[PDB]
Q: 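Input: one structure, supplied below.
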Amino acid sequence: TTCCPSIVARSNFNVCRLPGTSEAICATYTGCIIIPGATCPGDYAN
């Protein structure tokens, strides 16, 4: 599951994914995170 810190970061993440970039690279690129669960925390609400 991916969780993002802000709207901007999520929008950025989704563009990063368009060419097929791994989620892990898009995460460090944007400040989004990958978690094994499905429940994003309050400070990664977007």
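Because only heavy atoms are used, hydrogens play no part in the values below, and waters and symmetry mates are left out as well, while side chains stay in. Positions are given from 1 along the sequence.
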Q: Which pairs of donor and acceptor atoms, one on a side chain in residues 29-40, lie under 3.5 Å apart (sequence neighbours left out)?
A:
{"unit_1": "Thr30", "atom_1": "OG1", "unit_2": "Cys26", "atom_2": "O", "d": "2.8"}
{"unit_1": "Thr30", "atom_1": "OG1", "unit_2": "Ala27", "atom_2": "O", "d": "3.4"}
{"unit_1": "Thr30", "atom_1": "OG1", "unit_2": "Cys32", "atom_2": "N", "d": "3.0"}

Q: Just list the side-chain donor-acceptor pairs under 3.5 Å for residues 14-25, sequence neighbours left out, or say none.
A:
{"unit_1": "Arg17", "atom_1": "NH1", "unit_2": "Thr21", "atom_2": "O", "d": "2.8"}
{"unit_1": "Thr21", "atom_1": "OG1", "unit_2": "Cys16", "atom_2": "O", "d": "2.8"}
{"unit_1": "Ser22", "atom_1": "OG", "unit_2": "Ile25", "atom_2": "N", "d": "3.1"}

Q: Kindly list each side-chain donor-acceptor pair under 3.5 angstrom involving residues 2-10, sequence neighbours excluded, with atom names and distances?
A:
{"unit_1": "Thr2", "atom_1": "OG1", "unit_2": "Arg10", "atom_2": "NH1", "d": "2.9"}
{"unit_1": "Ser6", "atom_1": "OG", "unit_2": "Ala9", "atom_2": "N", "d": "3.3"}
{"unit_1": "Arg10", "atom_1": "NH2", "unit_2": "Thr2", "atom_2": "O", "d": "3.0"}
{"unit_1": "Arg10", "atom_1": "NH2", "unit_2": "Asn46", "atom_2": "O", "d": "3.0"}

